[PDB]
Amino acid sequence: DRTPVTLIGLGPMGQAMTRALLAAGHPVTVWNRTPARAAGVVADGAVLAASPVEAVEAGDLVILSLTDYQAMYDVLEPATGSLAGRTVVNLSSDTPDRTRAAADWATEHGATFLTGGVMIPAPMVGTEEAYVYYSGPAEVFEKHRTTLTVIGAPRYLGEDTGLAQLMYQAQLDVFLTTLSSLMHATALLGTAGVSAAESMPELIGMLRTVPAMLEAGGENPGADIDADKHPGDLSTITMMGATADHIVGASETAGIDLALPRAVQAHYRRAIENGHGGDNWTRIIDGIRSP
């Protein structure tokens, strides 16, 4: 395929995605707030447009890899007159509702809009491990599918432009919270003079087992949550809530951040106050859904 592409935003992700698209035989025209940053991808065959307008006018497909959606408006507002007849593919983090309004902004300027959420770090872009969530108009996705697939295995979720964003934010909810918990635990262990080089392999070793620890003895958390079925015979909210209390207590004594473990503690407390101490830990979702 030789569809000409425009890519705006040359952080690590933009640079890797440009390279992937070049390697697959696409002309790529790039633009960046900091043009010096384009030197690498220019050496690989990208063309540096001088202006956002020139960049947009060089592609059927305009991909954004920016910190947030405000950046999309910042860069494209001077170029709105050149959007008509093109597809904007925004591969940036923001809220679902910002995303939906941006889709409408695109339409108003005569363009189509696809939402994407890239689910791997830069070095994995364009590899068999890469995958990207997409939502928006099916015909628009299908038109550009072969081009986009170069970045990573596409997972089209449906018509709502906000849905791929919601999925990205949910994934990153788990990812960033997990990472914070690793740093929290590493700090906790640090207060007895355990180094991060010692603690992090222990912690990561445990994290590796989590899918299997969740499956043990025939538990199947998702379908169980859907059924309002939370049997506590292998672990109760009382018992795991006690541990959340112990983590808070240990954290208080350690002089470290209390907000993360207290949020977890609060999940258990709500379930107990609502009379479900005997239930499995999945019951915490009720109080999370309705605070």
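When you see a residue number, it is the position in the sequence shown, counting from 1.
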Which is higher in the entry, the mean Cα B factor of 197 to 205 or that of 111 to 119? 197 to 205
Hey, which bit's got the bigger mean C-alpha B factor in the entry, 35 to 43 or 222 to 230? 222 to 230
Given 159, 173, 94, 104, identify the residue with the highest C-alpha B factor in the PDB entry. 159
Report the option among 146, 177, 186, 99 whose CA atom has the maximum B-factor in the deposited record. 146
Where the record places residue 72 (Cα B-factor, split into thirds across the chain): middle
Third of the chain's Cα B-factor distribution that residue 240 belongs to, per the entry: lowest
For residue 261, return the chain-relative third of its C-alpha B-factor as stated in the PDB record: lowest, middle or highest. lowest
Entry-reported C-alpha B-factor of residue 255 relative to its chain, by third, is middle
Quick check for you: using the entry's CA B-factors within this chain, is residue 49 in the lowest, middle or highest third? middle
